[PDB]
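Scroll down for the structure; my scribbles are underneath it.
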Amino acid sequence: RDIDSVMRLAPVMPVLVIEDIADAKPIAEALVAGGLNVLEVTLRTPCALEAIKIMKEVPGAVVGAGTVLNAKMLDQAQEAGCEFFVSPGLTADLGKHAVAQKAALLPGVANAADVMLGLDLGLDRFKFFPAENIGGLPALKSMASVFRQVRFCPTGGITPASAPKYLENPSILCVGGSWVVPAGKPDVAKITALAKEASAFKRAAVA
Amino acid sequence: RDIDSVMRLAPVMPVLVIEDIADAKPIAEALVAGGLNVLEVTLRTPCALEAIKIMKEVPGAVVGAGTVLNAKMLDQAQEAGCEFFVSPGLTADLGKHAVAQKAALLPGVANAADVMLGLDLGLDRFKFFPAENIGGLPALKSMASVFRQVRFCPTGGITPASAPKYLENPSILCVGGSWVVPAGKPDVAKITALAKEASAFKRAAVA
Amino acid sequence: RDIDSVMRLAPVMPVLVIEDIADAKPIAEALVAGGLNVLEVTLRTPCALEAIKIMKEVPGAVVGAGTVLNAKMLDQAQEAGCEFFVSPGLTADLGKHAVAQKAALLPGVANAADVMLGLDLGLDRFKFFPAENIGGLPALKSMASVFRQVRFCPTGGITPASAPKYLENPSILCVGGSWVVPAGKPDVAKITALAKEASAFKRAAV
């Protein structure tokens, strides 16, 4: 499954920071019950690859790795069973490797030079990151109107209040956010409710 | 003619999106009558290279291509007769190719690394894009005071109201804007009047 | 001395634009008397390498070069006696060269791709520049929370009022600023007082 398809499965891609492996299964189950099957587990905590291997066992879960900073990490996340890969930015190295490896990479962009490098490598789906701190929807629209063939997932500072505005733009296939898994102790009921709310967001884009 | 000379010809560089080839000659005539000889035709529409070939026949018109994403597009724009090339960002590839080809490229920058990559390739004139979404004049002043040898053309969200503020800064040679060719149906009188207005903007950099 | 140590010496790294070589010694003396020993002399003026050579003779001065755009300029700044190097951004070339040369480079980053390139080269201390124009503390926090191993010095639009907010974040080791050497005629008393004031900023990191 290529990255464009992953982006269309759900309106919101939860960005998970797993601080305790005990939380992995319940978080994943709650998200999936709520209709958010596509899970980005960030490689920001030491227990992240275990957490991935655990969520991967949850039926319906499409588990990816975030915070993939280089080819090494991408290779590790792959071995662990990740179906796609998110990185906060793009380097030529990470890109060339993802392409070579047929890996569904969703790399971060912040400006035209980033997208252009992406395009040169044969990539056309990017994470706009960190969205709210680098110009927000206005900045993304400017990029979208220049790179017509490109589609985005904005992440960074997006909330339940701002997500539907981004999703009204057809250049945006989904948004990333952590508001869906709050605090630090998992409340399966709260998570499932926030996920239901979020999985019902309308998108302009043909999903 | 090198890119610095192009930038000094006029205070405003119209950013044209030509949707109907019938409009190319009249738009170009109107702009040139108005004192805006330097025309950026964006490669955002299917008829853009024809349009360039038409405007190129207009006496006094200095026609360039915008939205040049890669070396392929640059080569095509060149074959078509473009005198200069604008891109929304800069890659090492597009840059090395422009330099090699002696093409007057005016590439987009959004931050210091972009400028630094430009400088390494032997380029010192950049488009700051999309200006109003990446910090505006305050951001551009910061860059300008660091890269003293560099000069800019900001494009992106600039209006008749903001253009003279950018043009007061001597690091700015001109600005790009699309306000000069409004709507989608050409009014030669309106265009010429808006161009006269804009061609009389004072610039610190050019008397 | 590596770059992480330079960053910890003082809370504020003055960013100096020396417009007149006569001003170099007095500025450096005043800053050092004020407890800001770490001086970044930007290579933005024609007299900057002379200025560096002068400030380098000032006892207690740790002099670096700023606005190092490439390997050539780094090598020149080195020859002139600089102990560390700051650049507004990072290129693979400048980075590879700094690493190869064991030079304490503090390069500018503005987004994740910049940091990622840094990390690939073995660097983990960056200047976030120009801070106030590319998202400020909020943007920096977003970066810091993604790149947990990295530490920053924000520069660009920082003031005495905002500097302590940045320094409360433990990902930030120090800030750069020019407010400490005002105007364009040096007032040794004003400079020393502003430097004392700035040298007493608390930092979460140190």
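Lettering and numbering for the structure tokens are positional, with chains as A, B, ... in the shown order, residues counted from 1 in each chain, and ligands counted from 1 in the shown order.
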Counting only C-alpha atoms, give me one row per residue of chain A with an atom at most 8 Å from an atom of chain C, showing the shortest contact pair and its distance in Å to one decimal, sorted by chain then residue number, as CSV.
```
residue,atom,partner,partner_atom,distance
A:44,CA,C:146,CA,7.0
A:67,CA,C:146,CA,6.9
A:69,CA,C:116,CA,6.3
A:70,CA,C:120,CA,7.7
A:88,CA,C:112,CA,5.8
A:89,CA,C:113,CA,4.4
A:90,CA,C:113,CA,5.4
A:91,CA,C:113,CA,6.3
A:108,CA,C:112,CA,7.7
A:109,CA,C:113,CA,7.7
A:110,CA,C:111,CA,6.8
A:114,CA,C:113,CA,7.8
A:130,CA,C:142,CA,7.0
A:133,CA,C:139,CA,5.2
A:134,CA,C:135,CA,6.3
A:156,CA,C:142,CA,7.5
```
Could I get the residues of chain A with an atom no further than 12 Å from an atom of chain B, each paired with its nearest atom pair and that distance in Å to one decimal, using only C-alpha atoms, sorted by chain and residue number, as JSON lines?
```
{"residue": "A:91", "atom": "CA", "partner": "B:91", "partner_atom": "CA", "distance": 11.9}
{"residue": "A:92", "atom": "CA", "partner": "B:91", "partner_atom": "CA", "distance": 10.8}
{"residue": "A:110", "atom": "CA", "partner": "B:110", "partner_atom": "CA", "distance": 9.3}
{"residue": "A:111", "atom": "CA", "partner": "B:110", "partner_atom": "CA", "distance": 6.7}
{"residue": "A:112", "atom": "CA", "partner": "B:89", "partner_atom": "CA", "distance": 4.8}
{"residue": "A:113", "atom": "CA", "partner": "B:89", "partner_atom": "CA", "distance": 4.4}
{"residue": "A:114", "atom": "CA", "partner": "B:89", "partner_atom": "CA", "distance": 8.1}
{"residue": "A:115", "atom": "CA", "partner": "B:89", "partner_atom": "CA", "distance": 8.5}
{"residue": "A:116", "atom": "CA", "partner": "B:69", "partner_atom": "CA", "distance": 6.7}
{"residue": "A:117", "atom": "CA", "partner": "B:91", "partner_atom": "CA", "distance": 6.4}
{"residue": "A:118", "atom": "CA", "partner": "B:91", "partner_atom": "CA", "distance": 10.2}
{"residue": "A:119", "atom": "CA", "partner": "B:69", "partner_atom": "CA", "distance": 8.6}
{"residue": "A:120", "atom": "CA", "partner": "B:70", "partner_atom": "CA", "distance": 7.8}
{"residue": "A:121", "atom": "CA", "partner": "B:93", "partner_atom": "CA", "distance": 11.4}
{"residue": "A:131", "atom": "CA", "partner": "B:133", "partner_atom": "CA", "distance": 11.8}
{"residue": "A:132", "atom": "CA", "partner": "B:133", "partner_atom": "CA", "distance": 11.5}
{"residue": "A:133", "atom": "CA", "partner": "B:134", "partner_atom": "CA", "distance": 10.1}
{"residue": "A:134", "atom": "CA", "partner": "B:134", "partner_atom": "CA", "distance": 6.9}
{"residue": "A:135", "atom": "CA", "partner": "B:133", "partner_atom": "CA", "distance": 5.6}
{"residue": "A:136", "atom": "CA", "partner": "B:133", "partner_atom": "CA", "distance": 8.6}
{"residue": "A:137", "atom": "CA", "partner": "B:133", "partner_atom": "CA", "distance": 9.6}
{"residue": "A:138", "atom": "CA", "partner": "B:133", "partner_atom": "CA", "distance": 6.8}
{"residue": "A:139", "atom": "CA", "partner": "B:133", "partner_atom": "CA", "distance": 5.1}
{"residue": "A:140", "atom": "CA", "partner": "B:133", "partner_atom": "CA", "distance": 8.9}
{"residue": "A:141", "atom": "CA", "partner": "B:133", "partner_atom": "CA", "distance": 9.8}
{"residue": "A:142", "atom": "CA", "partner": "B:130", "partner_atom": "CA", "distance": 7.0}
{"residue": "A:143", "atom": "CA", "partner": "B:130", "partner_atom": "CA", "distance": 8.2}
{"residue": "A:144", "atom": "CA", "partner": "B:130", "partner_atom": "CA", "distance": 11.6}
{"residue": "A:145", "atom": "CA", "partner": "B:44", "partner_atom": "CA", "distance": 9.2}
{"residue": "A:146", "atom": "CA", "partner": "B:67", "partner_atom": "CA", "distance": 7.2}
{"residue": "A:147", "atom": "CA", "partner": "B:67", "partner_atom": "CA", "distance": 8.8}
{"residue": "A:148", "atom": "CA", "partner": "B:44", "partner_atom": "CA", "distance": 8.4}
{"residue": "A:149", "atom": "CA", "partner": "B:44", "partner_atom": "CA", "distance": 10.8}
```
Q.
With only C-alpha atoms as the counted atoms, please give the residues lying no more than 12 Å from residue 103 in chain B, apart from itself and same-chain residues fewer than 3 positions off, as JSON, numbers by chain.
A. {"B": [1, 2, 3, 64, 65, 71, 74, 75, 77, 78, 79, 81, 82, 83, 84, 85, 86, 94, 95, 96, 97, 98, 99, 100, 106, 107, 123]}
Q) What lies within 8 Å of residue 169 in chain A using only C-alpha atoms, ignoring chain neighbours under 5 positions off, as a ChimeraX atom specification? A) /A:203-205
Q.
Can you pull out the residues contacting residue 188 in chain A? Cut-off 12 Å, using only C-alpha atoms, and skip same-chain residues under 5 positions away; I want them as number ranges by chain.
A. A: 23-34, 180-182, 193-195
(Q) Among range 13-145 of chain C, which ones does DSSP assign to strand (DSSP E or B) (computed from the backbone)? Answer as number ranges by chain. (A) C: 13-16, 38-42, 62-66, 84-87, 105-109, 125-128
Please write the residues from the selection above to a file, keeping N, CA, C and O atoms, as a JSON list (two decimals), in the first residue's frame.
```
[["chain", "number", "residue", "atom", "x", "y", "z"],
["C", 13, "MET", "N", 25.03, 35.42, 23.92],
["C", 13, "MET", "CA", 26.19, 35.47, 23.03],
["C", 13, "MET", "C", 26.00, 36.73, 22.22],
["C", 13, "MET", "O", 25.10, 36.79, 21.39],
["C", 14, "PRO", "N", 26.81, 37.78, 22.50],
["C", 14, "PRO", "CA", 26.62, 38.99, 21.72],
["C", 14, "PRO", "C", 26.98, 38.80, 20.30],
["C", 14, "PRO", "O", 28.03, 38.19, 19.97],
["C", 15, "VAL", "N", 26.11, 39.31, 19.46],
["C", 15, "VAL", "CA", 26.31, 39.28, 18.04],
["C", 15, "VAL", "C", 26.81, 40.66, 17.62],
["C", 15, "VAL", "O", 26.06, 41.62, 17.63],
["C", 16, "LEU", "N", 28.07, 40.76, 17.25],
["C", 16, "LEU", "CA", 28.71, 42.05, 17.00],
["C", 16, "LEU", "C", 28.86, 42.32, 15.53],
["C", 16, "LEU", "O", 29.26, 41.44, 14.77],
["C", 38, "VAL", "N", 31.98, 35.52, 25.65],
["C", 38, "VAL", "CA", 31.89, 34.81, 24.40],
["C", 38, "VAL", "C", 31.37, 35.79, 23.40],
["C", 38, "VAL", "O", 30.24, 36.23, 23.51],
["C", 39, "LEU", "N", 32.20, 36.12, 22.41],
["C", 39, "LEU", "CA", 31.90, 37.17, 21.44],
["C", 39, "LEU", "C", 31.78, 36.61, 20.04],
["C", 39, "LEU", "O", 32.70, 36.01, 19.55],
["C", 40, "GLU", "N", 30.66, 36.85, 19.38],
["C", 40, "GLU", "CA", 30.54, 36.47, 18.00],
["C", 40, "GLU", "C", 30.75, 37.69, 17.16],
["C", 40, "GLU", "O", 29.94, 38.61, 17.21],
["C", 41, "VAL", "N", 31.84, 37.75, 16.43],
["C", 41, "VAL", "CA", 32.09, 38.85, 15.48],
["C", 41, "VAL", "C", 31.63, 38.42, 14.09],
["C", 41, "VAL", "O", 32.21, 37.53, 13.51],
["C", 42, "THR", "N", 30.58, 39.06, 13.59],
["C", 42, "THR", "CA", 30.03, 38.65, 12.33],
["C", 42, "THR", "C", 30.94, 39.08, 11.22],
["C", 42, "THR", "O", 31.54, 40.14, 11.29],
["C", 62, "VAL", "N", 36.49, 35.08, 24.53],
["C", 62, "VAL", "CA", 36.39, 33.92, 23.68],
["C", 62, "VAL", "C", 35.73, 34.39, 22.41],
["C", 62, "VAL", "O", 34.54, 34.60, 22.36],
["C", 63, "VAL", "N", 36.53, 34.54, 21.36],
["C", 63, "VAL", "CA", 36.09, 35.18, 20.14],
["C", 63, "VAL", "C", 35.76, 34.16, 19.10],
["C", 63, "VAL", "O", 36.54, 33.31, 18.79],
["C", 64, "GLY", "N", 34.60, 34.32, 18.50],
["C", 64, "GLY", "CA", 34.21, 33.52, 17.38],
["C", 64, "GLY", "C", 33.85, 34.40, 16.20],
["C", 64, "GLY", "O", 33.73, 35.60, 16.35],
["C", 65, "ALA", "N", 33.64, 33.76, 15.05],
["C", 65, "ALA", "CA", 33.17, 34.42, 13.86],
["C", 65, "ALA", "C", 31.73, 34.01, 13.59],
["C", 65, "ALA", "O", 31.37, 32.85, 13.71],
["C", 66, "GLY", "N", 30.93, 34.99, 13.22],
["C", 66, "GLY", "CA", 29.61, 34.75, 12.74],
["C", 66, "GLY", "C", 29.56, 35.00, 11.26],
["C", 66, "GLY", "O", 30.48, 35.55, 10.67],
["C", 84, "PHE", "N", 35.41, 29.53, 17.73],
["C", 84, "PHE", "CA", 34.18, 28.85, 17.28],
["C", 84, "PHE", "C", 33.57, 29.66, 16.12],
["C", 84, "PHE", "O", 33.98, 30.79, 15.86],
["C", 85, "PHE", "N", 32.62, 29.07, 15.41],
["C", 85, "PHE", "CA", 32.10, 29.63, 14.16],
["C", 85, "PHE", "C", 30.60, 29.53, 14.17],
["C", 85, "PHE", "O", 30.02, 28.49, 14.55],
["C", 86, "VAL", "N", 29.94, 30.61, 13.78],
["C", 86, "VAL", "CA", 28.50, 30.60, 13.69],
["C", 86, "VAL", "C", 28.14, 30.88, 12.25],
["C", 86, "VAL", "O", 28.78, 31.71, 11.60],
["C", 87, "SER", "N", 27.12, 30.19, 11.75],
["C", 87, "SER", "CA", 26.58, 30.48, 10.44],
["C", 87, "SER", "C", 25.08, 30.63, 10.53],
["C", 87, "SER", "O", 24.45, 30.07, 11.38],
["C", 105, "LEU", "N", 31.62, 24.53, 15.11],
["C", 105, "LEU", "CA", 30.60, 25.21, 14.31],
["C", 105, "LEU", "C", 29.28, 25.12, 15.00],
["C", 105, "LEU", "O", 28.85, 24.06, 15.45],
["C", 106, "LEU", "N", 28.62, 26.27, 15.05],
["C", 106, "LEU", "CA", 27.26, 26.42, 15.54],
["C", 106, "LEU", "C", 26.39, 26.88, 14.38],
["C", 106, "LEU", "O", 26.24, 28.07, 14.18],
["C", 107, "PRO", "N", 25.81, 25.96, 13.62],
["C", 107, "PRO", "CA", 25.12, 26.44, 12.44],
["C", 107, "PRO", "C", 23.65, 26.77, 12.65],
["C", 107, "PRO", "O", 22.99, 26.18, 13.47],
["C", 108, "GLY", "N", 23.15, 27.66, 11.82],
["C", 108, "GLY", "CA", 21.75, 28.05, 11.83],
["C", 108, "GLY", "C", 20.83, 26.99, 11.25],
["C", 108, "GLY", "O", 21.14, 26.34, 10.24],
["C", 109, "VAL", "N", 19.71, 26.81, 11.93],
["C", 109, "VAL", "CA", 18.61, 26.01, 11.41],
["C", 109, "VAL", "C", 17.31, 26.80, 11.42],
["C", 109, "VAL", "O", 17.14, 27.68, 12.24],
["C", 125, "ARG", "N", 24.08, 20.70, 17.96],
["C", 125, "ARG", "CA", 23.86, 22.01, 18.58],
["C", 125, "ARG", "C", 23.66, 22.96, 17.45],
["C", 125, "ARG", "O", 24.51, 23.03, 16.55],
["C", 126, "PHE", "N", 22.53, 23.68, 17.48],
["C", 126, "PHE", "CA", 22.17, 24.55, 16.38],
["C", 126, "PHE", "C", 21.72, 25.90, 16.87],
["C", 126, "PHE", "O", 21.29, 26.00, 17.98],
["C", 127, "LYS", "N", 21.85, 26.90, 16.01],
["C", 127, "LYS", "CA", 21.39, 28.26, 16.19],
["C", 127, "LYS", "C", 20.05, 28.30, 15.50],
["C", 127, "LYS", "O", 19.92, 27.80, 14.43],
["C", 128, "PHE", "N", 19.02, 28.79, 16.13],
["C", 128, "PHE", "CA", 17.69, 28.82, 15.54],
["C", 128, "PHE", "C", 17.51, 30.24, 15.04],
["C", 128, "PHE", "O", 17.47, 31.19, 15.85]]
```
Q: Extract the full set of helix (DSSP H, G or I) residues from range 38-99 of chain B according to DSSP on the backbone, and format it as a PyMOL selection string.
A: chain B and resi 48-56+71-79+92-99
How about saving the chosen residues, C-alpha atoms kept, as a CSV table (one decimal), in the first residue's frame?
```
chain,number,residue,atom,x,y,z
B,48,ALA,CA,2.1,28.7,-21.1
B,49,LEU,CA,4.9,28.1,-23.5
B,50,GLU,CA,2.8,29.3,-26.5
B,51,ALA,CA,1.9,32.4,-24.5
B,52,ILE,CA,5.6,33.0,-23.9
B,53,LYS,CA,6.3,32.7,-27.6
B,54,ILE,CA,3.6,35.3,-28.3
B,55,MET,CA,4.6,37.8,-25.6
B,56,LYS,CA,8.2,37.5,-26.8
B,71,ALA,CA,16.0,21.4,-15.2
B,72,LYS,CA,13.6,19.9,-17.7
B,73,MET,CA,11.2,22.9,-17.4
B,74,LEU,CA,14.1,25.3,-17.5
B,75,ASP,CA,15.3,23.8,-20.8
B,76,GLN,CA,11.8,24.0,-22.2
B,77,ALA,CA,11.3,27.5,-21.1
B,78,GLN,CA,14.7,28.4,-22.7
B,79,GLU,CA,13.9,26.7,-26.0
B,92,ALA,CA,21.2,22.1,-6.1
B,93,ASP,CA,20.2,20.4,-9.4
B,94,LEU,CA,18.1,23.3,-10.8
B,95,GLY,CA,20.9,25.7,-9.7
B,96,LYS,CA,23.9,23.8,-11.1
B,97,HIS,CA,21.9,23.5,-14.4
B,98,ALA,CA,21.0,27.2,-14.6
B,99,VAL,CA,24.6,28.2,-14.0
```
Q. When distances are computed from only C-alpha atoms, which of B:14, B:19, B:105, B:206 shows the smallest separation from residue 61 in chain B?
A.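 Distance minimum relative to residue 61 in chain B lands on B:14.
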Q.
Can you tell me which residues surround residue 38 in chain B at a distance of at most 9 Å, considering only C-alpha atoms, apart from same-chain residues fewer than 2 positions away, and format the answer as an MDAnalysis selection string?
A. chainID B and resid 6:7 9:10 12:14 31:32 35:36 40 60:64
Using the selection just defined, write its residues with N, CA and C atoms as a PDB file, in the first residue's frame.
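Output contents, as saved in result.pdb:
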```
ATOM      1  N   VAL B   6      17.721  42.484 -15.001  1.00  0.00           N
ATOM      2  CA  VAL B   6      16.314  42.273 -15.181  1.00  0.00           C
ATOM      3  C   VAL B   6      15.546  42.856 -13.991  1.00  0.00           C
ATOM      4  N   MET B   7      16.029  42.562 -12.799  1.00  0.00           N
ATOM      5  CA  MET B   7      15.371  43.018 -11.572  1.00  0.00           C
ATOM      6  C   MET B   7      15.304  44.550 -11.469  1.00  0.00           C
ATOM      7  N   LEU B   9      15.103  46.719 -14.014  1.00  0.00           N
ATOM      8  CA  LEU B   9      14.321  47.371 -15.038  1.00  0.00           C
ATOM      9  C   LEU B   9      13.040  47.982 -14.520  1.00  0.00           C
ATOM     10  N   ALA B  10      12.356  47.316 -13.616  1.00  0.00           N
ATOM     11  CA  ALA B  10      11.048  47.781 -13.192  1.00  0.00           C
ATOM     12  C   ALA B  10      10.781  47.423 -11.762  1.00  0.00           C
ATOM     13  N   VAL B  12       8.058  46.397 -10.266  1.00  0.00           N
ATOM     14  CA  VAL B  12       7.132  45.322 -10.086  1.00  0.00           C
ATOM     15  C   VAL B  12       7.299  44.383 -11.262  1.00  0.00           C
ATOM     16  N   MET B  13       7.325  43.090 -10.963  1.00  0.00           N
ATOM     17  CA  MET B  13       7.425  42.019 -11.958  1.00  0.00           C
ATOM     18  C   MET B  13       6.070  41.294 -11.950  1.00  0.00           C
ATOM     19  N   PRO B  14       5.235  41.515 -12.998  1.00  0.00           N
ATOM     20  CA  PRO B  14       3.927  40.888 -12.970  1.00  0.00           C
ATOM     21  C   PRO B  14       4.038  39.396 -13.114  1.00  0.00           C
ATOM     22  N   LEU B  31       0.794  45.789 -20.367  1.00  0.00           N
ATOM     23  CA  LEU B  31       1.806  45.912 -19.343  1.00  0.00           C
ATOM     24  C   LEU B  31       2.976  46.748 -19.840  1.00  0.00           C
ATOM     25  N   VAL B  32       3.357  46.550 -21.082  1.00  0.00           N
ATOM     26  CA  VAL B  32       4.502  47.234 -21.596  1.00  0.00           C
ATOM     27  C   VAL B  32       4.174  48.726 -21.800  1.00  0.00           C
ATOM     28  N   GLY B  35       4.642  50.538 -18.684  1.00  0.00           N
ATOM     29  CA  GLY B  35       5.981  50.705 -18.187  1.00  0.00           C
ATOM     30  C   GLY B  35       6.457  49.511 -17.415  1.00  0.00           C
ATOM     31  N   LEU B  36       5.718  48.391 -17.461  1.00  0.00           N
ATOM     32  CA  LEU B  36       6.178  47.113 -16.870  1.00  0.00           C
ATOM     33  C   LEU B  36       6.625  46.095 -17.940  1.00  0.00           C
ATOM     34  N   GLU B  40       6.703  37.832 -16.033  1.00  0.00           N
ATOM     35  CA  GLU B  40       6.923  36.449 -15.628  1.00  0.00           C
ATOM     36  C   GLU B  40       5.657  35.669 -16.023  1.00  0.00           C
ATOM     37  N   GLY B  60       9.635  45.418 -26.651  1.00  0.00           N
ATOM     38  CA  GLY B  60       9.947  45.946 -25.326  1.00  0.00           C
ATOM     39  C   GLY B  60       9.732  44.943 -24.204  1.00  0.00           C
ATOM     40  N   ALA B  61       9.047  43.843 -24.497  1.00  0.00           N
ATOM     41  CA  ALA B  61       8.708  42.845 -23.501  1.00  0.00           C
ATOM     42  C   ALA B  61       9.929  42.046 -23.192  1.00  0.00           C
ATOM     43  N   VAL B  62      10.200  41.872 -21.915  1.00  0.00           N
ATOM     44  CA  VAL B  62      11.233  40.980 -21.486  1.00  0.00           C
ATOM     45  C   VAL B  62      10.513  39.858 -20.756  1.00  0.00           C
ATOM     46  N   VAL B  63      10.434  38.719 -21.421  1.00  0.00           N
ATOM     47  CA  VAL B  63       9.604  37.647 -20.967  1.00  0.00           C
ATOM     48  C   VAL B  63      10.393  36.545 -20.297  1.00  0.00           C
ATOM     49  N   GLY B  64       9.939  36.160 -19.129  1.00  0.00           N
ATOM     50  CA  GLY B  64      10.539  35.074 -18.392  1.00  0.00           C
ATOM     51  C   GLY B  64       9.472  34.048 -18.021  1.00  0.00           C
TER      52      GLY B  64
END
```
